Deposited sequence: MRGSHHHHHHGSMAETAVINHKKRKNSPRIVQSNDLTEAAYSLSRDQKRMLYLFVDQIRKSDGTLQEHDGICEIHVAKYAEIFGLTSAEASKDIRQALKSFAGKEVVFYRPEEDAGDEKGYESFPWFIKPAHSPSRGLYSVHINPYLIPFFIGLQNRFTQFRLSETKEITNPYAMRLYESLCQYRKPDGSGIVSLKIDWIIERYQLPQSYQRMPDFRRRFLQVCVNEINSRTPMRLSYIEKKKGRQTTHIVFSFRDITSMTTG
């Protein structure tokens, strides 16, 4: 009953910094690209508003600001870096935007991760979108999984801001909040435990199930 996003693990594990609104758009580009290709995609205001339950007005504000914040953003596959866009976005018709994704990214978009788009569209924090994508990469058909993520690798790939290198801030402003959104906003039920070595906490062990 809703679009099935699929993506290469290389994207699930890439290093980048995107907002919620930018990540939302990114799912549709990947959907458009995959159903086929030169890299030219399109986004309609009225569709976006309906997909994510926004008004037309607030949808228009989100697309425009997301689009101008792509400039200078870069993507790293672990390493090799690429720009997302190679030409500015533009509007041929009122309510329509046309975009030029870097055609060299295609092979990185299409050993894979998959999720239905309704699973993530109510999540607000972009780091919690990242965590839920990384967990889906390990999900079994039946709907459960278990994975150990290294703390430095979380910090390197999700590009956490610098103060989350102090572990008490990492717990309070990233881990607990994102485990709670997932438990409150997705059909997943998530638990975790800390792996320690000496005084330092080194990994987080995630277990999850489906409702």
query	finding
In sequence order, the deposited-sequence ranges that have no modelled C-alpha atom	1-25, 62-67, 110-120, 153-156, 258-263
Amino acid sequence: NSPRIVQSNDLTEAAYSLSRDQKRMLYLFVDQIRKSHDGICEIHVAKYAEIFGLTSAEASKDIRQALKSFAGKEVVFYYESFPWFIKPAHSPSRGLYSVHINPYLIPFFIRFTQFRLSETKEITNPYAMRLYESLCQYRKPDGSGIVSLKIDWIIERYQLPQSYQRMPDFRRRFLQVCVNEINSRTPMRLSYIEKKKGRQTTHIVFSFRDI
From here on, numbers count along this sequence of modelled residues.
property: Higher-B stretch (mean Cα B-factor, as the entry records it), 48-56 or 144-152; result: 48-56
property: Average Cα temperature factor in the PDB entry - higher stretch of 129-137, 115-123; result: 115-123
property: Which of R173, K35, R157, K68 ranks first by CA B-factor in the deposited coordinates; result: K35
property: Among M167, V177, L26, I43 - the residue whose C-alpha B-factor is largest in the record; result: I43
property: CA B-factor placement of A15, once the chain's modelled residues are sorted into thirds; result: middle
property: Third of the chain, ranked by Cα B-factor, where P88 sits; result: middle
property: Third assignment of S8 from its chain's C-alpha B-factors; result: middle
property: Position of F108 among the chain's modelled residues by C-alpha B-factor, lowest, middle or highest third; result: middle
property: Relative C-alpha B-factor of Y78, binned into the chain's lowest, middle or highest third; result: highest
